[PDB]
Amino acid sequence: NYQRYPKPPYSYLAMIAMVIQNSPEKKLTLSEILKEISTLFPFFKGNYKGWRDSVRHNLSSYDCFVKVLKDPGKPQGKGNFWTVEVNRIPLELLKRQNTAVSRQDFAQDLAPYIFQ
DNA sequence: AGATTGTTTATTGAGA
DNA sequence: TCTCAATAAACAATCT
């Protein structure tokens, strides 16, 4: 039960960091991240919704994404803010990937959207 | 009751 | 032929 989708040629890591870093407070809920990613990359407004799980997975699986409690009172509370420590980002992951999509035809490097 | 969030385990497949 | 980003899903706990 597996298949690759014609997503934009940027890593989920890069797209997440970009939307976070461009938010007014440099922090966003998961919900806001998903919304903002689909706004910048229309593909994600479509039928396929598994990208939402993928995004959730990246947040927990890279050290550059640090969770911040929405309520100090509840350490196990939901709807927390996510932030990015940009210096903890492996720079190759911000480059445009060569995949089916980018072989057909934002910029080649997302660093100038992130190091802001 | 069903959806969402955060964490984790696991597999896949294509690019270097 | 080896790697790891992409993708799928289990599980617990909160949330609507």
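Every heavy atom of this structure was used, including side-chain atoms; hydrogens, water molecules and symmetry mates were not. Below, read A as the first sequence line, B as the second, and so on, with proteins coming before strands; counting in each chain starts at 1.
Nearest nucleotide to the side chain of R56(A), out of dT7(B), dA6(C), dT9(B): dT7(B). Nearest nucleotide to the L30(A) side chain, out of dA8(C), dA6(C), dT5(B): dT5(B). Comparing atom distances between the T99(A) side chain and each of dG15(B), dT12(B), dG6(B) picks out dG15(B) as nearest.
In this entry the distance linking OH of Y5(A) with P of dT12(B) reads 14 Å, nearest Å. At whole-Å resolution of the value, CD in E32(A) and P in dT5(B) are 10 Å apart. Note: NZ (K35(A)) to P (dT4(B)) measures 15 Å, nearest angstrom. Going from atom CG of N58(A) over to atom P of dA8(C) covers 14 Å, rounded to whole Å. When the P atom of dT4(B) is taken as reference, atom NZ of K49(A) falls 11 Å away, rounded to whole Å. Rounded to whole angstrom, the span from the CH2 atom of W82(A) across to the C1' atom of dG6(B) amounts to 6 Å. Regarding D71(A), its CG atom lies at a distance of 13 Å from the P atom of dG6(B), rounded to whole Å. Distance, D53(A) CG to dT11(B) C1': 14 Å, rounded to whole Å.
Shown here for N80(A) and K70(A), the closest heavy-atom pair between the two residues is OD1-N, 3.4 Å. Taking every heavy atom of both residues into account, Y12(A) and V55(A) meet most closely at CD2-CG2, 3.8 Å. Looking at every heavy atom in both residues, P112(A) comes nearest to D109(A) through CD-O, 3.2 Å.
If you check every strand for non-hydrogen atoms under 4.0 Å, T29(A) touches nothing. Within the nucleic acid shown, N1(A) comes within 4.0 Å of sugar-phosphate atoms alone, with no base atom in reach, counting heavy atoms only. At the heavy-atom level, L93(A) lies under 4.0 Å from the strands shown only through sugar-phosphate atoms. The residue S11(A) sits close only to the backbone: its heavy atoms come under 4.0 Å of sugar-phosphate atoms, none of a base. Among the heavy atoms of the strands lying under 4.0 Å from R103(A) are primed sugar atoms or P, OP1, OP2 only; no base atom is included. If you check every strand for non-hydrogen atoms under 4.0 Å, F65(A) touches nothing. Residue contacts for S61(A): at a heavy-atom cut-off of 4.0 Å it reaches no nucleic acid atom on any strand shown.
Inter-residue side-chain proximity for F81(A) and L69(A) is flagged as unmet; no heavy-atom pair is nearer than 4.5 Å. The side-chain heavy atoms of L91(A) and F115(A), taken from C-beta on, include a pair separated by under 4.5 Å. In this structure the side chain of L28(A) never reaches within 4.5 angstrom of the side chain of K35(A), judged on heavy atoms.
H57(A) contributes no side-chain N or O that forms a donor-acceptor pair with the base of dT7(B) under 3.5 Å. No donor-acceptor contact under 3.5 Å links the side chain of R4(A) to the base of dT7(C). For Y2(A) against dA6(C), a side-chain N or O and a base N or O form a donor-acceptor pair under 3.5 Å.
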Can you name the atoms? Protein N/O to nucleotides 13-16 of chain C N/O, anything below 3.5 Å, with the distance.
from: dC15(C); atom 1: OP1; to: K78(A); atom 2: N; distance (Å): 3.4
from: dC15(C); atom 1: OP2; to: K74(A); atom 2: NZ; distance (Å): 2.6

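The phosphate of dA8(C) (OP1 or OP2) has a side-chain N or O of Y48(A) nearer than 4.0 angstrom.
Between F106(A) and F41(A), a ring centre-to-centre spacing shorter than 6.0 Å is recorded. You'll find the ring centres of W82(A) and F65(A) outside the 6.0 Å limit.
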